[PDB]
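Visitor: Below is one structure. I have some questions about it.
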Amino acid sequence: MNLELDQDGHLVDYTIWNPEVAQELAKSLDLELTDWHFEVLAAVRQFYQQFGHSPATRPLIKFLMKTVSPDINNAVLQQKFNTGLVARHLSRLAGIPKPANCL
């Protein structure tokens, strides 16, 4: 798969995302996506569609709690996504740009 990526490794064009593209991006985390991840990534894309930018760490967690499940928190996301860089990689795997203040 030959994805068109920006300097951060995020999709240039969020509209070409699909579950196979998400899995391609998740390979760098040695992460096999399941429906659990697909539902979380759908909410990340919903945030982007509603508000036009990628969510930062705390707003991302709050939005997932409201939209997906109150049981989602940073620790759960870190475990399920194989990374402590939750805002960065949730946006990346959802096909949206890097949140502005990430390194």
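Just so we're on the same page: first chain in the structure tokens is A, next is B, and so on; residues restart at 1 for each chain, and ligands are numbered from 1 in the order they show up.
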Give the alpha helix (DSSP H) residues of stretch 2-102 of chain A, as DSSP finds them on the backbone, and put them as a PyMOL selection string.
Guide: chain A and resi 19-26+35-51+57-67+74-81+86-93
Visitor: Go through A:32, A:10, A:88, A:75 and flag the residue nearest residue A:101, using only C-alpha atoms for the distances.
Guide: A:88
Visitor: Could you work out how far atom CA of residue A:5 lies from atom CA of residue A:90, giving the answer in Å with one decimal?
Guide: 15.5 Å
Visitor: Do a neighbour search on residue A:8 at 10 Å with only C-alpha atoms, toss out local chain neighbours closer than 3 positions, and write the hits as an mmCIF file with N, CA and C atoms, in the first residue's frame.
Guide:
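And here's part.cif as it stands now:
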```cif
data_model
loop_
_atom_site.group_PDB
_atom_site.id
_atom_site.type_symbol
_atom_site.label_atom_id
_atom_site.label_comp_id
_atom_site.auth_asym_id
_atom_site.auth_seq_id
_atom_site.Cartn_x
_atom_site.Cartn_y
_atom_site.Cartn_z
ATOM 1 N N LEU A 5 1.405 10.607 2.449
ATOM 2 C CA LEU A 5 1.495 11.061 3.831
ATOM 3 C C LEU A 5 2.203 12.401 3.887
ATOM 4 N N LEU A 11 -2.225 11.066 6.877
ATOM 5 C CA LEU A 11 -2.761 11.159 5.517
ATOM 6 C C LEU A 11 -2.806 12.603 5.039
ATOM 7 N N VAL A 12 -2.377 12.823 3.794
ATOM 8 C CA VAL A 12 -2.577 14.133 3.178
ATOM 9 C C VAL A 12 -4.062 14.405 2.985
ATOM 10 N N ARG A 88 -1.710 11.855 19.211
ATOM 11 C CA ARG A 88 -1.033 11.707 17.932
ATOM 12 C C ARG A 88 -1.549 10.491 17.173
ATOM 13 N N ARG A 92 -3.712 9.858 13.799
ATOM 14 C CA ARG A 92 -3.024 9.276 12.659
ATOM 15 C C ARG A 92 -3.799 8.092 12.104
ATOM 16 N N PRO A 97 -5.212 14.890 10.439
ATOM 17 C CA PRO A 97 -3.857 15.438 10.631
ATOM 18 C C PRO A 97 -3.380 15.355 12.075
ATOM 19 N N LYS A 98 -2.081 15.578 12.252
ATOM 20 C CA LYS A 98 -1.530 15.598 13.611
ATOM 21 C C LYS A 98 -2.127 16.753 14.423
ATOM 22 N N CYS A 102 1.324 18.628 19.071
ATOM 23 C CA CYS A 102 2.208 17.468 19.135
ATOM 24 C C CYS A 102 3.549 17.830 18.522
ATOM 25 N N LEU A 103 4.606 17.189 19.022
ATOM 26 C CA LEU A 103 5.967 17.487 18.595
ATOM 27 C C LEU A 103 6.083 17.420 17.078
#
```
Visitor: Could you give me, as a PyMOL selection string, the residues within 8 Å of residue A:82, counting only C-alpha atoms and dropping anything in the same chain fewer than 2 positions from it?
Guide: chain A and resi 29-31+78-80+84
Visitor: Measuring between only C-alpha atoms, which one of A:64, A:1, A:100, A:85 shows the shortest distance to residue A:25?
Guide: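 For residue A:25, the nearest of the candidates is A:1.
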Visitor: Do a neighbour search on residue A:43 at 8 Å with only C-alpha atoms, toss out local chain neighbours closer than 4 positions, and write the hits as a list in words.
Guide: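 Surrounding residues, per the criterion: residues 39, 47, 64, 67 and 68 of chain A.
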Visitor: Just checking: using only C-alpha atoms, which residue out of A:99, A:38, A:87, A:46 ends up closest to residue A:61?
Guide: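 Looking at the shortest contact to residue A:61, the residue is A:87.
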Visitor: So how many Å separate atom CA of residue A:45 and atom CA of residue A:65, to one decimal?
Guide: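 Computed distance, atom CA of residue A:45 to atom CA of residue A:65, equals 14.9 Å.
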